[PDB]
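First comes one chain, alone, set out as structure tokens in the form deposited in one PDB entry.
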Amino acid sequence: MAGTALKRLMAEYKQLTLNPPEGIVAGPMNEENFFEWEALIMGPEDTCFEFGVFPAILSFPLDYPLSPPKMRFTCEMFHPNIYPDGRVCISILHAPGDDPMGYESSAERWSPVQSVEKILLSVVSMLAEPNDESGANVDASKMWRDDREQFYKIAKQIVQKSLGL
């Protein structure tokens, strides 16, 4: 349940502190309860999410690092590989077997926990390279596949709203 999860997140902590990855800013919500972290997703440069600073919360289960954590963006977002409810529905934070709709588990899925740094870099990859995996947000995948221009402008608008406009 606990302990090995906490220690895993302490390892995540330390290396994140020592070797801070670009675009990712994250720390636990009160050093007592390491089972939830807050993160700032600095939008990939040269993309429609650049200037955006997307805050999110990561909820860690009493099954870490065996089981995939939970993640949601707090000032919402708009991307096909993300739920319209804001919750993060990404291919790498998904469990092998938790692949609905139609696609196969031959794609990349929950590894030996990966690392939070790997996970959020996958988020960055997702934001500079829009992947419509599954299509959690069908409306977002629709407008991404149909009119990229529309997606692009929505992306910029989320960017400014994340700043507070």
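The numbering used is simple: start at 1 and walk along the sequence shown.
Just so you know, the form solved in complex with a partner chain exists too; it's not on screen, but the next bit is about it.
Residue contact with the partner chain in the deposited complex: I154 places no heavy atom within 4.5 Å of it. Remark: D132 does not count among the residues lining the partner chain in the deposited complex, judged by a heavy atom distance of 4.5 Å or less. Using a 4.5 Å cutoff between non-hydrogen atoms, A128 does not count as a contact of the partner chain in the deposited complex. The partner chain is not drawn, but in the deposited complex it has no heavy atom within 4.5 Å of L6.
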